[PDB]
Amino acid sequence: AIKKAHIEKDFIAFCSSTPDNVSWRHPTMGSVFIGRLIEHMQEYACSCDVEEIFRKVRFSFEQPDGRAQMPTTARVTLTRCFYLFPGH
Amino acid sequence: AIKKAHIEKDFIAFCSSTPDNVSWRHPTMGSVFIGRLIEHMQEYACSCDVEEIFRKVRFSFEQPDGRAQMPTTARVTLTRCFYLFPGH
Amino acid sequence: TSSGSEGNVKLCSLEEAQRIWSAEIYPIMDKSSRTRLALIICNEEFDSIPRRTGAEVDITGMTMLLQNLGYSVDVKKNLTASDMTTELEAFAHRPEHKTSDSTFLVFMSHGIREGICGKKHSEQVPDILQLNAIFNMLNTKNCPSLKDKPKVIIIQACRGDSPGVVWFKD
Amino acid sequence: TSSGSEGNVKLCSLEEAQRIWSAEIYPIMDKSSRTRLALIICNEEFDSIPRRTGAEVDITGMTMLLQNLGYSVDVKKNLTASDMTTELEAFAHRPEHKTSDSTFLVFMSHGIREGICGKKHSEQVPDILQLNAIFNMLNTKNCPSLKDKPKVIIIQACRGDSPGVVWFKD
């Protein structure tokens, strides 16, 4: 027996900036978005689902300085909450 | 005094299906995605933020029938949770 | 009750509102002074592509829902991509957005991979409004009145010809 | 402690796990049997466009983080769009995905509006991997092993030349 399934489902993409816009990278400290994502994942993976962690990363970029960027969540087909449950 | 602000922020888009794929509409009952969105908004606006409501709509489409579609959240720059607080 | 302004939308109680309330939620303006706006663009009658039967049901449902959530709803029907652009530009310039905390945009039409079809659309001469254009017209540069405010875009449309399914054996 | 397998990632306690646990969460496979996979593609050295200094810091950080979250990490460096495609195709065919509950994809390179730049990219002859291609290669049709499983895609790249800011007076 064969059954139908959605061709595209359970995806989430997280980009370093909005369309048309630059993303910044420190020559010694690394990419701003990457460093910020790691920091938030380390802190919030235990209690927050992936979508919420990405939202928190976005909020941390809210106040623009000389080198501004706004990370974007794109093409989301997550039907459930993705919890990492670190340690498990 | 002038200050910098992000060109694109606080957006959320919700599409009726995934890219490349069809969206269905009943000739008398209306569009499946539209009817389903209204139903979920009526029920969950009181307790859930907009992003979570959209996720619930996605889950309701999980099991594919003869006319399948998977609604997609796109280009999200919401830095906070959007609660409708109906009645307020 | 359905007789009220909120209609069929389940109400949030004062105990529920305080249970949610954090510094990670969008602020909501006072109900007595706020002027919330929403826009529905729905294309039903087309020149070349078949008529969208049941579109009026979607208009009714969405219009009532957004009114129940507290938005004043502008409904525009059967527009070209150029007319949609002009209407979006006019919507972004509305002074009520300054005394609003958010907005909703609803698009309902035939659709392809490139975007949403206007009333004059055909495979010979395309009449398409891209999602990118909607975002640009409503962003901080072109709509400063909705800065820091949630902008929800809803699109009912095909994004291609594929059924969106694959087979698997259980 | 940082000496453990989870490193600097704060651990979820058993009391916290039950507090979260509902039928709206992705299932997690047994830790003893699961074979979680992750892929990092990072382009540092290019033919025409300048070198991405500090990319190694990103590789280290992301590699360690995903390992801390329980993923076996494959790291591939300095690839063209064609080579990225081939690597993605190979990743989608990995048998470990069948005994995995999820995956992470990380892309780190120079970028334009159309997508991510390969090592051979120039304005004369473009070498671009589009986001659409990544999704297609990892979907239910081309990667049935990750059906119903969360696929997280992370992209560090420019999406254009604009600074992404507008001015306003306070």
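Residue numbers begin at 1 in each chain, while the letters A, B, ... track the order of the sequences.
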Revision key, fill the gap. So, the part of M64(C) with a heavy atom under 4.5 Å from chain B: the answer is neither
**Study point:** Nearest-0.5 Å distance, CD1 of residue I25(C) to CZ of residue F82(B)
**Key:** 12.0 Å
Revision key, fill the gap. Whatever's closer than 4.5 Å to a heavy atom in chain B on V152(C) counts as both
Review point. Does a donor on one side chain sit under 3.5 Å from an acceptor on the other, for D58(C) and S31(B)?
Key: yes
Check your understanding: Any side-chain heavy-atom pair from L37(B) and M62(C) closer than 4.5 angstrom?
Key -> yes
Point to revise | Region of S13(C) that comes under 4.5 Å of a non-hydrogen atom in chain B | key: backbone
Check your understanding: Are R159(C) and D20(B) close enough for a salt bridge, meaning some N to O gap below 4.0 Å?
Key -> no
Check your understanding: Within the side chain of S162(C), is there an N or O that forms a donor-acceptor pair under 3.5 Å with the backbone of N21(B)?
Key -> no
Point to revise | Toward chain C, the part of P64(B) with a non-hydrogen atom under 4.5 Å | key: side chain
Check your understanding: Do you know the tightest heavy-atom contact between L84(B) and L69(C)?
Key -> CG-CD2, 3.8 Å
Review point. In terms of heavy-atom proximity below 4.5 Å to chain B, should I154(C) be classed as side chain, backbone, both, or neither?
Key: both
Check your understanding: By a 4.5 Å heavy-atom criterion (distance strictly below it), what part of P163(C) contacts chain B: side chain, backbone, both, or neither?
Key -> backbone
Review point. Is it true that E24(C) and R80(B) make a salt bridge, defined as a side-chain N closer than 4.0 Å to a carboxylate O?
Key: no
Point to revise | Heavy-atom side-chain proximity of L14(C) to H88(B) below 4.5 angstrom | key: yes
Point to revise | Closest-packed option against chain C by number of heavy-atom pairs under 4.5 Å, given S23(B), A45(B), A13(B) | key: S23(B)
**Study point:** Per-residue contact mode, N8(C) against chain B (heavy atom under 4.5 angstrom)
**Key:** both
Review point. Out of curiosity, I116(C) CD1 to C15(B) SG, how far, rounded to the nearest 0.5 Å?
Key: 7.5 Å
Review point. With a 4.5 angstrom heavy-atom cut-off, which part of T28(B) approaches chain C: side chain, backbone, both or neither?
Key: backbone
Review point. For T53(C), does its backbone N or O pair with a side-chain atom of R25(B) as donor and acceptor, under 3.5 Å?
Key: yes
Point to revise | Pair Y26(C), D10(B): side-chain N/O donor-acceptor within cut-off below 3.5 Å | key: yes
Revision key, fill the gap. Between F11(B) and the options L146(C), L105(C), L138(C), the side-chain contact (heavy atoms from CB on, under 4.5 Å) test singles out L138(C)
Practice item. Please state whether the side chain, the backbone, both or neither of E16(C) comes within less than 4.5 Å of a heavy atom of chain B. Key: side chain
